[PDB]
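Colleague: One file: run_1.cif (mmCIF, C-alpha atoms and all ligand atoms).
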data_structure
#
loop_
_atom_site.label_atom_id
_atom_site.label_comp_id
_atom_site.auth_asym_id
_atom_site.auth_seq_id
_atom_site.Cartn_x
_atom_site.Cartn_y
_atom_site.Cartn_z
CA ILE U 1 -16.82 9.63 11.23
CA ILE U 2 -19.74 10.56 13.47
CA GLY U 3 -21.25 7.38 14.86
CA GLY U 4 -20.59 4.14 13.03
CA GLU U 5 -18.09 1.59 14.30
CA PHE U 6 -14.37 1.21 14.73
CA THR U 7 -12.77 -1.00 12.14
CA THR U 8 -9.36 -2.14 11.00
CA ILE U 9 -7.69 -1.76 7.65
CA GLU U 10 -8.51 -5.35 6.55
CA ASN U 11 -12.13 -4.19 6.14
CA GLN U 12 -11.19 -1.27 3.90
CA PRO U 13 -7.78 -2.28 2.56
CA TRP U 14 -7.81 0.39 -0.19
CA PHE U 15 -7.88 3.13 2.44
CA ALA U 16 -4.90 5.48 2.27
CA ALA U 17 -3.78 7.70 5.16
CA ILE U 18 -2.22 10.98 4.00
CA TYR U 19 0.04 13.10 6.23
CA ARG U 20 2.05 16.33 5.85
CA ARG U 21 5.45 17.12 7.29
CA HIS U 22 5.92 20.60 8.66
CA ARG U 23 9.12 22.74 8.56
CA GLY U 24 9.23 22.25 12.31
CA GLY U 25 9.61 18.53 11.63
CA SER U 26 6.23 17.50 13.07
CA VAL U 27 3.88 15.34 10.97
CA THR U 28 0.13 15.81 10.99
CA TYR U 29 -2.80 14.00 9.44
CA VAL U 30 -4.25 15.63 6.31
CA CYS U 31 -6.92 13.48 4.65
CA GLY U 32 -7.91 10.00 3.51
CA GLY U 33 -7.59 8.58 0.01
CA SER U 34 -8.20 5.31 -1.87
CA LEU U 35 -5.78 3.02 -3.71
CA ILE U 36 -7.03 2.56 -7.28
CA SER U 37 -3.89 0.92 -8.70
CA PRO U 38 -0.53 -0.01 -7.22
CA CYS U 39 1.04 3.42 -7.89
CA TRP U 40 -2.05 5.67 -7.57
CA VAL U 41 -4.11 7.01 -4.67
CA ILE U 42 -7.19 9.14 -5.35
CA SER U 43 -8.28 11.85 -2.91
CA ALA U 44 -9.78 15.40 -2.78
CA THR U 45 -8.02 18.53 -4.14
CA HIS U 46 -9.12 20.71 -1.17
CA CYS U 47 -6.87 18.60 0.96
CA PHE U 48 -3.73 19.87 -0.70
CA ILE U 49 -4.61 23.16 -2.27
CA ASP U 50 -3.04 25.24 0.52
CA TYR U 51 0.22 23.27 0.55
CA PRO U 52 0.61 21.97 -2.93
CA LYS U 53 4.19 20.85 -2.72
CA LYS U 54 4.32 17.11 -3.22
CA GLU U 55 7.47 16.78 -1.14
CA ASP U 56 5.73 17.62 2.08
CA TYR U 57 3.42 14.62 1.95
CA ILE U 58 3.57 11.08 3.22
CA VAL U 59 1.12 8.35 2.30
CA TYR U 60 0.53 5.15 4.26
CA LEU U 61 -1.27 2.04 3.14
CA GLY U 62 -2.28 -0.84 5.42
CA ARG U 63 -2.56 1.53 8.38
CA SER U 64 -5.34 1.11 11.01
CA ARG U 65 -4.19 3.68 13.58
CA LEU U 66 -3.43 7.36 13.28
CA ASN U 67 -0.27 7.80 15.35
CA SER U 68 1.11 4.30 15.75
CA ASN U 69 2.40 1.88 13.20
CA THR U 70 0.25 -0.99 12.04
CA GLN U 71 1.96 -4.29 11.29
CA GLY U 72 2.30 -4.72 7.52
CA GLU U 73 1.93 -1.04 6.63
CA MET U 74 3.77 0.62 3.72
CA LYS U 75 4.99 4.23 3.65
CA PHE U 76 5.36 6.30 0.47
CA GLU U 77 6.61 9.63 -0.81
CA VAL U 78 4.45 11.47 -3.34
CA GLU U 79 6.07 11.29 -6.78
CA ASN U 80 3.27 13.28 -8.44
CA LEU U 81 0.54 15.42 -6.87
CA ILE U 82 -2.17 16.08 -9.46
CA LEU U 83 -4.92 18.54 -8.52
CA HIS U 84 -7.95 19.14 -10.70
CA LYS U 85 -7.47 22.28 -12.80
CA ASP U 86 -11.17 23.25 -12.57
CA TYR U 87 -11.25 23.08 -8.78
CA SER U 88 -13.12 25.85 -7.11
CA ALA U 89 -14.53 26.62 -3.80
CA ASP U 90 -17.52 28.60 -2.47
CA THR U 91 -18.03 29.15 1.32
CA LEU U 92 -19.38 25.67 1.35
CA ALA U 93 -19.14 23.72 -1.89
CA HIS U 94 -16.02 22.35 -3.39
CA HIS U 95 -16.28 21.77 -7.13
CA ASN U 96 -14.13 19.23 -8.97
CA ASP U 97 -12.79 18.15 -5.62
CA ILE U 98 -10.60 15.31 -6.83
CA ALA U 99 -6.85 14.71 -6.74
CA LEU U 100 -4.38 11.98 -7.68
CA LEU U 101 -1.23 11.05 -5.80
CA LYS U 102 1.38 8.87 -7.48
CA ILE U 103 3.10 7.04 -4.72
CA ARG U 104 6.67 5.91 -4.52
CA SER U 105 8.62 4.36 -1.69
CA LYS U 106 12.19 5.35 -0.69
CA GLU U 107 13.30 2.24 -2.63
CA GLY U 108 11.20 3.37 -5.59
CA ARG U 109 8.43 0.86 -5.44
CA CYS U 110 4.67 1.19 -5.49
CA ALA U 111 2.19 -0.72 -3.25
CA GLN U 112 2.42 -4.50 -2.91
CA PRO U 113 -1.04 -5.93 -2.34
CA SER U 114 -1.56 -7.96 0.83
CA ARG U 115 -4.31 -8.79 3.32
CA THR U 116 -4.14 -5.14 4.47
CA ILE U 117 -3.43 -3.44 1.10
CA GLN U 118 -5.74 -3.83 -1.93
CA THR U 119 -7.07 -1.69 -4.77
CA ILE U 120 -10.70 -0.59 -5.08
CA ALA U 121 -12.53 -0.79 -8.40
CA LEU U 122 -13.69 2.32 -10.20
CA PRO U 123 -17.30 2.59 -11.35
CA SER U 124 -18.45 2.37 -14.96
CA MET U 125 -19.08 5.78 -16.45
CA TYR U 126 -22.26 7.54 -15.33
CA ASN U 127 -23.20 4.32 -13.46
CA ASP U 128 -24.27 4.99 -9.86
CA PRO U 129 -26.43 2.99 -7.45
CA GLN U 130 -30.07 4.09 -7.05
CA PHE U 131 -31.03 6.54 -4.31
CA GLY U 132 -31.64 4.76 -0.99
CA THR U 133 -28.73 2.36 -1.60
CA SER U 134 -26.55 1.80 1.46
CA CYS U 135 -22.84 2.56 1.04
CA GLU U 136 -19.84 2.63 3.38
CA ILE U 137 -17.57 5.53 4.33
CA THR U 138 -14.23 5.22 6.11
CA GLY U 139 -11.84 7.63 7.80
CA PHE U 140 -9.89 9.05 10.75
CA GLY U 141 -12.10 12.17 10.85
CA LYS U 142 -13.71 13.61 13.96
CA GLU U 143 -16.15 11.51 16.03
CA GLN U 144 -18.03 14.59 17.15
CA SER U 145 -18.11 18.01 15.52
CA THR U 146 -16.90 19.57 18.81
CA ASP U 147 -13.88 17.24 19.22
CA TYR U 148 -10.42 18.75 18.98
CA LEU U 149 -8.78 15.37 18.45
CA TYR U 150 -9.16 12.82 15.68
CA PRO U 151 -9.71 9.18 16.71
CA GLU U 152 -6.61 7.02 16.97
CA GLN U 153 -8.47 4.05 15.44
CA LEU U 154 -9.95 3.90 11.92
CA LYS U 155 -13.75 4.12 11.71
CA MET U 156 -16.45 3.32 9.22
CA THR U 157 -20.17 3.74 8.90
CA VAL U 158 -23.09 3.29 6.54
CA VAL U 159 -24.99 6.07 4.81
CA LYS U 160 -27.73 5.98 2.18
CA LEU U 161 -27.51 7.74 -1.18
CA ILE U 162 -29.85 10.72 -1.51
CA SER U 163 -31.48 11.76 -4.80
CA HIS U 164 -30.27 14.93 -6.51
CA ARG U 165 -33.87 16.19 -6.27
CA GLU U 166 -33.85 15.80 -2.50
CA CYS U 167 -30.33 17.17 -2.01
CA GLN U 168 -31.04 20.25 -4.19
CA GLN U 169 -34.00 21.41 -2.07
CA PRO U 170 -33.40 24.86 -0.45
CA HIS U 171 -33.48 23.45 3.04
CA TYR U 172 -30.76 21.01 2.11
CA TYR U 173 -28.10 22.49 -0.22
CA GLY U 174 -29.87 24.11 -3.19
CA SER U 175 -27.63 24.78 -6.19
CA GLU U 176 -24.49 24.01 -4.15
CA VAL U 177 -24.86 20.33 -5.06
CA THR U 178 -24.21 19.67 -8.76
CA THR U 179 -24.46 16.63 -11.02
CA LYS U 180 -20.73 16.02 -10.43
CA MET U 181 -21.56 15.47 -6.73
CA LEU U 182 -23.51 12.82 -4.78
CA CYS U 183 -25.20 13.26 -1.41
CA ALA U 184 -25.48 10.58 1.23
CA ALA U 185 -26.89 10.52 4.69
CA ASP U 186 -28.46 8.61 7.55
CA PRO U 187 -32.32 8.72 7.85
CA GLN U 188 -31.96 9.83 11.49
CA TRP U 189 -28.92 12.03 10.65
CA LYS U 190 -27.11 10.13 13.39
CA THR U 191 -23.93 9.09 11.53
CA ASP U 192 -21.89 10.95 8.87
CA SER U 193 -18.48 11.93 7.59
CA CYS U 194 -16.79 14.93 9.16
CA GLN U 195 -13.65 17.07 9.09
CA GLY U 196 -10.63 14.80 8.61
CA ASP U 197 -12.62 12.27 6.52
CA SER U 198 -12.18 14.33 3.32
CA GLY U 199 -10.55 12.50 0.44
CA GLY U 200 -11.71 9.11 1.77
CA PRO U 201 -13.88 6.50 0.05
CA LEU U 202 -17.62 6.19 -0.34
CA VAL U 203 -17.92 2.53 -1.37
CA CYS U 204 -21.03 0.89 -2.81
CA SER U 205 -21.72 -2.60 -4.14
CA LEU U 206 -22.40 -2.18 -7.84
CA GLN U 207 -22.92 -5.00 -10.25
CA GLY U 208 -21.66 -7.45 -7.58
CA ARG U 209 -18.54 -5.43 -6.93
CA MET U 210 -17.25 -3.06 -4.20
CA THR U 211 -16.82 0.16 -6.14
CA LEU U 212 -15.48 3.65 -5.39
CA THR U 213 -18.70 5.60 -5.93
CA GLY U 214 -17.65 8.78 -4.13
CA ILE U 215 -14.89 10.77 -2.44
CA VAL U 216 -15.67 12.63 0.83
CA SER U 217 -15.71 16.31 -0.11
CA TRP U 218 -17.89 18.61 2.02
CA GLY U 219 -20.86 19.28 4.19
CA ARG U 220 -22.42 21.91 6.42
CA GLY U 221 -21.30 20.69 9.80
CA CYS U 222 -21.55 16.96 10.46
CA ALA U 223 -24.56 14.69 11.15
CA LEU U 224 -26.83 17.74 11.08
CA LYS U 225 -30.46 17.39 10.12
CA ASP U 226 -31.07 18.20 6.42
CA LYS U 227 -27.34 18.54 5.69
CA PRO U 228 -26.07 15.40 3.98
CA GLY U 229 -22.48 14.51 3.30
CA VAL U 230 -21.45 15.54 -0.19
CA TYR U 231 -19.14 13.44 -2.29
CA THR U 232 -17.32 13.89 -5.57
CA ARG U 233 -19.19 11.68 -8.05
CA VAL U 234 -16.36 9.45 -9.31
CA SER U 235 -18.38 8.06 -12.25
CA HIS U 236 -18.29 11.60 -13.80
CA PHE U 237 -14.46 11.87 -13.71
CA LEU U 238 -13.25 8.67 -15.42
CA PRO U 239 -11.64 10.44 -18.41
CA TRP U 240 -9.81 12.79 -16.04
CA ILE U 241 -8.69 9.84 -13.89
CA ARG U 242 -7.58 7.79 -16.91
CA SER U 243 -5.83 10.73 -18.56
CA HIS U 244 -3.74 11.46 -15.46
CA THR U 245 -2.92 7.81 -14.62
CA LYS U 246 -2.16 6.30 -18.08
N1 LIG U 301 -20.58 15.01 5.76
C1 LIG U 301 -20.57 16.19 6.38
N2 LIG U 301 -21.68 16.64 6.96
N3 LIG U 301 -19.46 16.92 6.44
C2 LIG U 301 -18.27 16.62 5.89
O1 LIG U 301 -18.01 15.61 5.25
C3 LIG U 301 -17.19 17.60 6.14
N4 LIG U 301 -17.46 18.51 7.10
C4 LIG U 301 -16.56 19.43 7.42
CL1 LIG U 301 -17.08 20.54 8.71
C5 LIG U 301 -15.32 19.48 6.80
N5 LIG U 301 -14.35 20.46 7.07
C6 LIG U 301 -14.67 21.68 7.82
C7 LIG U 301 -13.92 22.89 7.26
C8 LIG U 301 -14.28 23.17 5.80
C9 LIG U 301 -13.94 22.02 4.85
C10 LIG U 301 -12.78 21.12 5.30
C11 LIG U 301 -13.00 20.28 6.55
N6 LIG U 301 -15.06 18.55 5.84
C12 LIG U 301 -15.96 17.60 5.51
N7 LIG U 301 -15.62 16.70 4.54
#
Translate the structure of the given file into structure tokens.
Modeller:
Amino acid sequence: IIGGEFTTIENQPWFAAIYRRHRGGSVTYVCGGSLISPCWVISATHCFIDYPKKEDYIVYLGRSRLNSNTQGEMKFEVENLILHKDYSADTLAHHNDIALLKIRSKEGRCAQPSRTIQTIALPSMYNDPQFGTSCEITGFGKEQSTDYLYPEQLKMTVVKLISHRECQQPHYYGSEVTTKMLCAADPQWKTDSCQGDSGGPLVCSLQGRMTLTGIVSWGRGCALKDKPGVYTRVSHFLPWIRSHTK
């Protein structure tokens, strides 16, 4: 997250932190995700496509810091890793960039909701907030494009939804943005998602309900003028989500 504010997991208690264990034994951060039911975290396929073995992954819930434990956190193995079969990637765009992780603890339990661990509601089909609506994004991604390190502390910021018309202009992304994607950005381009925020939640208030409107997917650089963040449009994937979680 470029700009924004530090936060703790109580403010985004559906946020999932996904790590990978290497053959060398070291564990590194991969991507964010969101808890949508006790046994299911939703994320982005591009996060796992290179290393699609479920066994290598670890998922934390209720975690506010990257490399230290947070009181109350839960740790899970990945029982199922479900990538979207129509995934594809260009040199920038990721299409159908959506994945599901079924989580299971070493005792064989799913998540237990708490003050730091809660599910996020899915949107109604094809039901998105109007352009110009303010939504929240959350992650452990870079604070500056030129940073080597990720922040130790969780961050969040606010971005406004951009119309498909505006995002499809040639100076923005042209055809790279599709109707299965949403764009969002700051009017001054001063705050944004970045590398390491992929898979994390774009949350909007819809009806009167915090709702998972998007999943961080891609962008050309971060917080660059005329280059919004691009998000998988969750309201266009409900049958896929339901089919793979039921
Ligand atoms: N919102 C904006 N502007 N960007 C992003 O969200 C974003 N930006 C980048 Cl550079 C990124 N990378 C960079 C390497 C290629 C893809 C994987 C990780 N992932 C993102 N999700």
Colleague: Could the residues that lie within 7 Å of ligand LIG 301 (chain U), counting only C-alpha atoms and all ligand atoms, be listed as JSON, numbers by chain?
Modeller: {"U": [192, 193, 194, 195, 196, 197, 198, 216, 217, 218, 219, 220, 221, 222, 223, 224, 227, 228, 229, 230]}
Colleague: How many Å lie between atom CA of residue U:237 and atom CA of residue U:17, rounded to one decimal?
Modeller: 22.1 Å
Colleague: Leaving out stretch 109-120 of chain U and any residue of its chain fewer than 3 positions from it, which residues lie within 6 Å of it when counting only C-alpha atoms, given as a list in words?
Modeller: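 So the residues in contact are residues 9, 10, 13, 14, 35, 36, 37, 38, 39, 62, 104 and 105 of chain U.
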Colleague: Using all atoms listed in the file, which residues sit within 10 Å of stretch 23-30 of chain U once same-chain residues fewer than 6 positions away are excluded, as a compact mmCIF listing (two decimals) with C-alpha atoms, in the frame of the given file?
Modeller:
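Heads up, here's the output in part33.txt:
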# COMPACT_ATOMS: atom_id res chain seq x y z
CA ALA U 17 -3.78 7.70 5.16
CA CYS U 47 -6.87 18.60 0.96
CA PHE U 48 -3.73 19.87 -0.70
CA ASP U 56 5.73 17.62 2.08
CA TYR U 57 3.42 14.62 1.95
CA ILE U 58 3.57 11.08 3.22
CA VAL U 59 1.12 8.35 2.30
CA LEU U 66 -3.43 7.36 13.28
CA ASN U 67 -0.27 7.80 15.35
CA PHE U 140 -9.89 9.05 10.75
CA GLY U 141 -12.10 12.17 10.85
CA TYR U 150 -9.16 12.82 15.68
CA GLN U 195 -13.65 17.07 9.09
CA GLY U 196 -10.63 14.80 8.61
CA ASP U 197 -12.62 12.27 6.52
CA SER U 198 -12.18 14.33 3.32
CA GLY U 199 -10.55 12.50 0.44
Colleague: Would you mind telling me which residue in U:90, U:226, U:128, U:136 lies nearest to residue U:168 when using only C-alpha atoms?
Modeller: U:226
Colleague: Counting only C-alpha atoms, figure out which residue out of U:127, U:207, U:12, U:169 gets nearest to residue U:34.
Modeller: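 Nearest to residue U:34: U:12.
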Colleague: Just checking: using only C-alpha atoms, which residue out of U:156, U:92, U:177, U:137 ends up closest to residue U:201?
Modeller: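 When distances to residue U:201 are compared using only C-alpha atoms, the smallest one comes from U:137.
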Colleague: Which residues are near residue U:242? Cut-off 12 Å, all atoms listed in the file, ignore same chain within fewer than 2 positions. Put them as an NGL selection string.
Modeller: :U and (36-37 or 40 or 42 or 100 or 122 or 125 or 234-240 or 244-246)
Colleague: Measuring between all atoms listed in the file, which one of U:174, U:132, U:123, U:151 shows the shortest distance to residue U:209?
Modeller: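 Of the candidates, the smallest distance to residue U:209 is held by U:123.
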Colleague: Go through U:133, U:200, U:84, U:76 and flag the residue nearest residue U:154, using only C-alpha atoms for the distances.
Modeller: U:200
Colleague: With only C-alpha atoms as the basis for distance, which of U:51, U:231, U:189, U:6 is at the shortest distance from residue U:21?
Modeller: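 Selected residue with least distance to residue U:21: U:51.
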Colleague: One decimal, Å: what's the distance from atom CA of residue U:7 over to atom CA of residue U:138, could you say?
Modeller: 8.8 Å
